[PDB]
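J.: Dropping in structure.pdb, with PDB, C-alpha atoms (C1' of nucleotides).
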MODEL        1
ATOM      1  CA  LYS A 157      11.608  29.486  22.259
ATOM      2  CA  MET A 158      10.746  29.896  18.528
ATOM      3  CA  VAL A 159      10.656  26.405  16.906
ATOM      4  CA  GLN A 160       8.315  25.228  19.726
ATOM      5  CA  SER A 161       6.741  28.734  19.852
ATOM      6  CA  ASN A 162       5.461  27.889  16.322
ATOM      7  CA  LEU A 163       4.592  24.152  16.761
ATOM      8  CA  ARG A 164       1.076  24.544  15.213
ATOM      9  CA  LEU A 165       0.873  25.359  11.439
ATOM     10  CA  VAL A 166       3.735  22.832  10.963
ATOM     11  CA  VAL A 167       1.185  20.230  12.205
ATOM     12  CA  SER A 168      -1.358  21.864   9.841
ATOM     13  CA  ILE A 169       1.303  21.146   7.149
ATOM     14  CA  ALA A 170       2.571  17.715   8.361
ATOM     15  CA  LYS A 171      -1.052  16.507   8.882
ATOM     16  CA  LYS A 172      -1.518  16.942   5.082
ATOM     17  CA  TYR A 173       1.087  14.113   4.800
ATOM     18  CA  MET A 174      -0.354  12.214   7.807
ATOM     19  CA  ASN A 175      -2.778  10.808   5.186
ATOM     20  CA  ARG A 176      -0.242  11.060   2.312
ATOM     21  CA  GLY A 177       1.783   8.415   4.222
ATOM     22  CA  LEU A 178       4.542   8.063   6.870
ATOM     23  CA  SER A 179       2.558   8.708  10.103
ATOM     24  CA  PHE A 180       0.995  11.844  11.672
ATOM     25  CA  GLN A 181       3.676  11.690  14.429
ATOM     26  CA  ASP A 182       6.379  10.605  11.923
ATOM     27  CA  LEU A 183       5.521  13.740  10.009
ATOM     28  CA  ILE A 184       5.458  15.929  12.820
ATOM     29  CA  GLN A 185       8.903  15.308  13.456
ATOM     30  CA  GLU A 186      10.061  15.730  10.130
ATOM     31  CA  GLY A 187       8.732  18.991   9.951
ATOM     32  CA  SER A 188      10.239  19.761  13.055
ATOM     33  CA  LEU A 189      13.528  19.095  11.703
ATOM     34  CA  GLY A 190      12.914  21.478   9.043
ATOM     35  CA  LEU A 191      11.450  23.862  11.347
ATOM     36  CA  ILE A 192      14.633  24.168  12.876
ATOM     37  CA  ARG A 193      16.589  24.640   9.975
ATOM     38  CA  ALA A 194      14.474  27.333   8.712
ATOM     39  CA  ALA A 195      14.116  28.616  12.113
ATOM     40  CA  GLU A 196      17.319  29.795  11.758
ATOM     41  CA  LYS A 197      18.011  30.255   8.244
ATOM     42  CA  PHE A 198      15.778  33.070   8.256
ATOM     43  CA  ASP A 199      15.988  36.695   7.967
ATOM     44  CA  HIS A 200      13.902  39.350   9.491
ATOM     45  CA  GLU A 201      15.024  41.783   7.073
ATOM     46  CA  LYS A 202      12.989  40.845   4.594
ATOM     47  CA  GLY A 203      10.395  41.560   6.548
ATOM     48  CA  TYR A 204       7.627  39.372   5.430
ATOM     49  CA  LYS A 205       6.786  36.811   8.090
ATOM     50  CA  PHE A 206       8.203  33.259   8.284
ATOM     51  CA  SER A 207       4.645  32.112   7.369
ATOM     52  CA  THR A 208       5.906  32.797   3.797
ATOM     53  CA  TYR A 209       9.315  31.077   4.342
ATOM     54  CA  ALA A 210       9.293  28.770   7.398
ATOM     55  CA  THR A 211       6.581  26.864   5.686
ATOM     56  CA  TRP A 212       8.725  26.484   2.924
ATOM     57  CA  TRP A 213      11.390  24.608   4.624
ATOM     58  CA  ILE A 214       8.955  22.547   6.236
ATOM     59  CA  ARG A 215       7.366  21.273   3.257
ATOM     60  CA  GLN A 216      10.607  20.346   2.033
ATOM     61  CA  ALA A 217      11.548  18.421   4.993
ATOM     62  CA  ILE A 218       8.631  16.528   4.835
ATOM     63  CA  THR A 219       8.407  15.393   1.444
ATOM     64  CA  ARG A 220      11.923  14.086   1.998
ATOM     65  CA  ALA A 221      10.734  11.289   4.357
ATOM     66  CA  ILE A 222       7.644   9.614   2.833
ATOM     67  CA  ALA A 223       9.847   9.677  -0.307
ATOM     68  CA  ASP A 224      13.049   8.887   1.673
ATOM     69  CA  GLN A 225      11.217   5.836   3.154
ATOM     70  CA  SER A 226       7.550   4.954   3.940
ATOM     71  CA  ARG A 227       8.163   2.513   1.145
ATOM     72  CA  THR A 228       9.903  -0.356   2.138
ATOM     73  CA  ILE A 229      12.078  -0.385  -0.930
ATOM     74  CA  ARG A 230      13.739   3.059  -1.338
ATOM     75  CA  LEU A 231      13.452   4.128  -5.028
ATOM     76  CA  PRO A 232      15.114   7.175  -6.719
ATOM     77  CA  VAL A 233      13.091   9.993  -5.044
ATOM     78  CA  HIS A 234      13.873  11.863  -8.314
TER      79      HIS A 234
ATOM     80  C1'  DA B   1      65.625 -74.192 -54.774
ATOM     81  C1'  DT B   2      62.784 -70.724 -53.264
ATOM     82  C1'  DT B   3      61.649 -69.410 -49.317
ATOM     83  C1'  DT B   4      61.198 -68.561 -45.438
ATOM     84  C1'  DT B   5      63.968 -68.662 -41.981
ATOM     85  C1'  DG B   6      68.582 -65.549 -40.057
ATOM     86  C1'  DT B   7      71.588 -63.191 -38.173
ATOM     87  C1'  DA B   8      73.953 -60.299 -37.648
ATOM     88  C1'  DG B   9      73.281 -56.426 -39.388
ATOM     89  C1'  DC B  10      73.672 -51.717 -40.398
ATOM     90  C1'  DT B  11      71.477 -47.610 -41.790
ATOM     91  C1'  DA B  12      67.784 -44.494 -42.050
ATOM     92  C1'  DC B  13      64.703 -43.390 -39.246
ATOM     93  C1'  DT B  14      61.460 -41.743 -35.861
ATOM     94  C1'  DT B  15      59.964 -41.149 -31.786
ATOM     95  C1'  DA B  16      61.097 -38.625 -26.967
ATOM     96  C1'  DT B  17      62.932 -34.305 -24.208
ATOM     97  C1'  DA B  18      62.960 -30.824 -22.885
ATOM     98  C1'  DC B  19      63.003 -25.971 -23.650
ATOM     99  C1'  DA B  20      61.218 -22.178 -25.440
ATOM    100  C1'  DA B  21      60.301 -18.478 -26.966
ATOM    101  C1'  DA B  22      57.321 -17.116 -28.919
ATOM    102  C1'  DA B  23      52.620 -16.780 -29.510
ATOM    103  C1'  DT B  24      48.353 -15.632 -27.829
ATOM    104  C1'  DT B  25      45.185 -15.030 -25.530
ATOM    105  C1'  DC B  26      42.897 -12.788 -20.866
ATOM    106  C1'  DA B  27      41.917 -10.215 -16.799
ATOM    107  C1'  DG B  28      41.974  -6.392 -14.318
ATOM    108  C1'  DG B  29      42.695  -1.699 -14.079
ATOM    109  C1'  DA B  30      42.121   1.914 -14.838
ATOM    110  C1'  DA B  31      39.781   5.134 -16.481
ATOM    111  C1'  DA B  32      37.165   7.705 -17.759
ATOM    112  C1'  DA B  33      33.054   8.543 -19.058
ATOM    113  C1'  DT B  34      28.662   9.109 -17.743
ATOM    114  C1'  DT B  35      24.709   8.103 -15.878
ATOM    115  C1'  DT B  36      22.141   8.203 -11.528
ATOM    116  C1'  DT B  37      21.808   9.492  -7.334
ATOM    117  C1'  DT B  38      21.844  13.102  -3.880
ATOM    118  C1'  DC B  39      21.270  17.960  -1.997
ATOM    119  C1'  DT B  40      18.984  22.473  -1.206
ATOM    120  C1'  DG B  41      15.749  26.104  -1.969
ATOM    121  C1'  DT B  42      11.315  28.079  -2.365
ATOM    122  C1'  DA B  43       9.376  34.398   0.347
ATOM    123  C1'  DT B  44       2.162  37.316   0.028
ATOM    124  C1'  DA B  45       0.227  33.998   4.192
ATOM    125  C1'  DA B  46      -0.981  29.753   6.063
ATOM    126  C1'  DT B  47      -1.099  27.930  13.144
ATOM    127  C1'  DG B  48      -4.920  21.208  16.619
ATOM    128  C1'  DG B  49      -7.099  14.906  13.492
ATOM    129  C1'  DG B  50     -10.133  10.936  12.578
ATOM    130  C1'  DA B  51     -13.305   7.777  13.997
ATOM    131  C1'  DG B  52     -17.799   5.582  15.630
ATOM    132  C1'  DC B  53     -17.478   1.592  17.940
ATOM    133  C1'  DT B  54     -20.987   0.652  20.186
ATOM    134  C1'  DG B  55     -23.915  -7.588  21.423
ATOM    135  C1'  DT B  56     -19.075 -13.018  25.437
ATOM    136  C1'  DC B  57     -15.420 -13.031  29.452
ATOM    137  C1'  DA B  58     -13.300 -12.965  33.724
ATOM    138  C1'  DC B  59     -11.201 -12.396  36.632
ATOM    139  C1'  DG B  60      -9.251 -11.085  39.448
ATOM    140  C1'  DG B  61      -9.571  -7.274  40.853
ATOM    141  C1'  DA B  62     -11.773  -4.449  42.479
ATOM    142  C1'  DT B  63      -9.422  -0.643  44.171
ATOM    143  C1'  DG B  64     -12.730   1.626  45.917
ATOM    144  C1'  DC B  65     -16.180   1.956  48.433
ATOM    145  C1'  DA B  66     -20.012   3.697  50.677
TER     146       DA B  66
ENDMDL
END
Just give me the structure of the file as C-alpha cells.

T.:
Amino acid sequence: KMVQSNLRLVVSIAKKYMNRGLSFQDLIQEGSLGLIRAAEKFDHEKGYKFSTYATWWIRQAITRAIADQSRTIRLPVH
DNA sequence: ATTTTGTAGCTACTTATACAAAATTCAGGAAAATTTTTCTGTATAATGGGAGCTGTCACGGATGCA
C-alpha cells in the first residue's frame, strides 16, 4: 500500500529513460523494482520525505537496465 | 708368367639389437597475480507521454439496427 501508493513520480523518473532507451513500460518496471527496495530501505527518522531518497533508488534501478541490456551486446556498464 | 682366377680362408670388421638411461624437451597446473567485472548507495524535493495520421479494400460482417 506504499510502493503502488507512490506509482507516479517513478513514472516521471522512468519516462526520462523512456526516450533514453529500453521502453516506457520496460522502465516502469525497473523503477518499480527499485521502488520496492527503497520502499523499504527507508527510514522515517530522518525525517525528510522519500522524495529525497526513494527517488534515489529508483534512478539507480533504472540506469541498471538500459545499461544492463537495451544493447544487444552487453558491454562493461563501467 | 702374371694375372686373374681361387679357395678356402681367416681376421678385422661393421653393421644390427635392443636397451637405456639419460637427456630434453613440454604441457598443464597451479598459482597467483591482477585486471575487469560486478554491486550498492545517493537524503532539500521531485508525482501521468507522444503523436498526427488523416486518399484502396472487403468483406464479411455487420452486429446492430432502427

J.: Taking the file as I've supplied it (selection: the PyMOL selection byres ((chain B) within 6 of (chain A))), which residues are included? Please answer as a list in words.

T.: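 Listing what the PyMOL selection byres ((chain B) within 6 of (chain A)) selects in the shown file: residues 43, 45 and 47 of chain B.
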
J.: Around stretch 217-222 of chain A, fit a box with edges along x, y and z, padding it by 5 Å on each side, then list its centre and edge lengths in Å to one decimal as lines of an AutoDock Vina configuration file.

T.:
center_x = 9.8
center_y = 14.0
center_z = 3.2
size_x = 14.3
size_y = 18.8
size_z = 13.5

J.: For this structure, which residues satisfy the selection - the PyMOL selection byres ((chain A and resi 181) around 12) - when it is evaluated on the file as given? I want them as a list in words.

T.: residues 166, 167, 170, 171, 172, 173, 174, 175, 177, 178, 179, 180, 182, 183, 184, 185, 186, 187, 188 and 218 of chain A; 49 of chain B

J.: For a test of reading the model, state the distance in Å between atom CA of residue A:158 and atom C1' of residue B:40, rounded to one decimal.

T.: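 Atom-to-atom, atom CA of residue A:158 and atom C1' of residue B:40 are spaced 22.6 Å apart.
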
J.: Can you pull out the residues contacting stretch 159-161 of chain A? Cut-off 7 Å, using all atoms listed in the file, and skip same-chain residues under 6 positions away; I want them as a ChimeraX atom specification.

T.: /A:191-192,195

J.: Can you tell me how far atom CA of residue A:189 sits from atom CA of residue A:228, in Å to one decimal?

T.: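 Pair atom CA of residue A:189 / atom CA of residue A:228 returns 22.0 Å.
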
J.: So the first atom is atom CA of residue A:190 and the second is atom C1' of residue B:46; what is the distance between them in Å, to one decimal place?

T.: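 Value for the atom CA of residue A:190-atom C1' of residue B:46 distance: 16.4 Å.
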